[PDB]
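Reading through the structure tokens given below for one structure.
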Amino acid sequence: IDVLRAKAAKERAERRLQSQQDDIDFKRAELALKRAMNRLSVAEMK
Numbered sequence: 088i089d090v091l092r093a094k095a096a097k098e099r100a101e102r103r104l105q106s107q108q109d110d111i112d113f114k115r116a117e118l119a120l121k122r123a124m125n126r127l128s129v130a131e132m133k
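Residues 88 to 133 (PDB author numbering) make up the sequence shown, in order.
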């Protein structure tokens with residue numbers, strides 16, 4: 088709901104994605120982004 092939180096997470100996940108050693112992170116960060124994005128869409132045209 089709070090765009091502030093959604094943004095903070097998007098920025099945190101984006102930075103983590105850069106990590107190469109965390110090969111087992113892109114997967115989780117991928118599902119999280121997809122979820123956060125979906126919520127954002129509904130928010131606008133709520």
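Note that CB positions come from ideal geometry on N, CA and C, so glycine has one too.
Where residue i falls, given that 16 or more other Cβ within 10 Å makes a residue buried
i	result
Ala95	exposed
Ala116	buried
Range covered by the alpha helix (DSSP H) that runs through residue i
i	result
residue 141	An answer regarding residue 141 cannot be provided, because it is not within the stretch 88 to 133 covered by the chain.
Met124	113-131
Straight-line Cα distance separating residue j from residue i
i	j	result
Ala130	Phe113	25 Å
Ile88	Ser128	11 Å
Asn125	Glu98	16 Å
residue 136	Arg102	Given a span of 88 to 133 for the chain in the structure shown, any question on residue 136 remains unanswerable.
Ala100	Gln107	13 Å
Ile111	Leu91	27 Å
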